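S.K.:
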Amino acid sequence: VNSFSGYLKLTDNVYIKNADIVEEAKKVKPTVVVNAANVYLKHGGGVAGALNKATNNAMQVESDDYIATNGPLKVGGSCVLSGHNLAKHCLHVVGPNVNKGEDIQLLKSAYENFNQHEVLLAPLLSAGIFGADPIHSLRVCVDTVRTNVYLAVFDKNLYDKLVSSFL
Ligand SMILES: O[C@@]1(CNc2ncnc3[nH]ccc23)CCC[C@@H](C(F)(F)F)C1
Ligand SMILES: [Cl-]
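Here the authors' numbering runs 2 ahead of the position in the sequence shown, where the first position is 1.
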């Protein structure tokens, strides 16, 4: 039993809710919140920009030190950093950004990072400003993640379409 509330159950382990992931994380304080990161951990917009703003830019400061030490992530890769005031940990995961021409096949690799964590709060990877089809992203999530994932979908119109089209 965990403290996530109001989610629809898609599968044994995948759960979905119309919610602002920032407000969800502040309420639940999960062990792991997933960020829709880029390889540079530049958290300018989308989910990443919103999560960073909620940390008063502390996420960006930590991220800049990480990059200065380790260099950029791989597309499809991840790193674990602090969750600041939002969660114990933030798993920064880089899904392909279609608006940069990045291979959508790397989306499965991106979701595989979730399997290293027993429970996660997460957005749909490569959705929103990353330019992929969120219906496809949900399918890859369900077919790749085996651990317990609680998906927050900010857009109510998108949330309703994802449920009604889910096979
Ligand atoms: O959930 C989506 C990712 N973005 C977010 N998800 C959850 N909390 C959030 N807070 C701020 C941003 C955000 C999935 C792709 C479409 C995207 C869009 F807004 F464009 F419709 C919504
Ligand atoms: Cl977005």
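Heads up, the beta-carbon is just placed ideally off N, CA and C, and yes, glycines get one too.
Identify, in the order they occur along the chain, each residue of the same chain with its Cβ nearer than 6 angstroms to the Cβ of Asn150, setting aside the five sequence neighbours on each side.
M.R.: The answer, listed in chain order, is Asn15 and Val121.
S.K.: Is it true that the CB of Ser111 sits closer than 8 angstroms to the CB of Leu83?
M.R.: no
S.K.: For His45, which three-state DSSP category applies?
M.R.: Assignment of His45 by DSSP, reduced to helix, strand and coil, places it in the coil class.
S.K.: At the level of alpha carbons, what is the spacing between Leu153 and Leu123?
M.R.: Looking at the two C-alpha atoms, the distance is approximately 6 angstroms.
S.K.: Looking at the structure shown, is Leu122 part of a helix, part of a strand, or coil, going by DSSP?
M.R.: strand
S.K.: With a 10 Å radius around its C-beta and 16 neighbouring C-beta atoms as the bar for buried, classify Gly85 as buried or exposed.
M.R.: Buried.
S.K.: Look up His94 in the DSSP assignment and give the residues it is bridged to.
M.R.: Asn37 and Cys81
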